[PDB]
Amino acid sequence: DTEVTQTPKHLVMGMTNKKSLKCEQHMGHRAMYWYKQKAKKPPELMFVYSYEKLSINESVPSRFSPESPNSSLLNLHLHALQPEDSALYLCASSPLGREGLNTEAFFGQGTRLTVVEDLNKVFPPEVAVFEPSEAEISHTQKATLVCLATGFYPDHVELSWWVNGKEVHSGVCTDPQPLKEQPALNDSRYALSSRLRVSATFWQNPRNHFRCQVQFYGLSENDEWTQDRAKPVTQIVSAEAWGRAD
């Protein structure tokens, strides 16, 4: 995918947690970068590190305390964030060359960060799988299964289909964007759908098992929880359907 290794892909945090965004490259590049990106805007430069020098473009650098133990690492140390710091955080590196002309940048996968003011608003998804229509099978000899992940907040889910124990990408379409379940509220919970379409012959076999699994990113162990309901930790939520003979 990329030679710039950035973790985690997703992160949910409260206003008092401390967490590191890790970024590593072994290409010998001589400059590394952090950008942040708000939805539907260009990446905005935060920090550059190159030849022992941290350059600061971020207005509140103490919230991010970048550190580079060596030229292969540029990590962010998050502390005391505000909800407006929710953004995509993108690490990059550039080879520069020997006289600094090679300024093309190679990016990592980014960290999608949501900062939540009230951790009691965090909810994992409910997940359900719906079996194909027999009428679709009769008309097309194809079978579309649907997975719905609903009621989750914030919007940090990764949905995958697993057929007889192995992940499947062919024949899958997952919504690019989630739906707001109440589009008129700022803290609305979200829903996401996915389709898996297979030949009718594959679906019509009771020994074939179809699982939709959703990785939800939520609270970590260093997040305090005092509510009666179960702590909404980062977790997998699953649902499964078995094939149905003709």
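Residue indices: 1-based, along the sequence shown.
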Between 211-219 and 62-70, name whichever shows the higher mean Cα B factor according to the PDB entry.
62-70
Give the stretch, out of 45-53 and 185-193, with the larger mean C-alpha temperature factor in the deposited entry.
185-193
Hey, out of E158, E167, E99, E136, whose CA B-factor is highest in the deposited coordinates?
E99
When you compare the CA B-factors of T114, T174, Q82, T144 as listed in the entry, which one comes out on top?
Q82
Sorting the chain's CA B-factors, does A39 end up in the lowest, middle or highest third?
highest
Test of reading the entry: by CA B factor among the chain's modelled residues, which third contains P154?
middle
For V198, the third of its chain into which the C-alpha B factor falls:
lowest
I236, C-alpha B-factor rank within chain (lowest, middle or highest third):
lowest
Position of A92 among the chain's modelled residues by C-alpha B-factor, lowest, middle or highest third:
middle
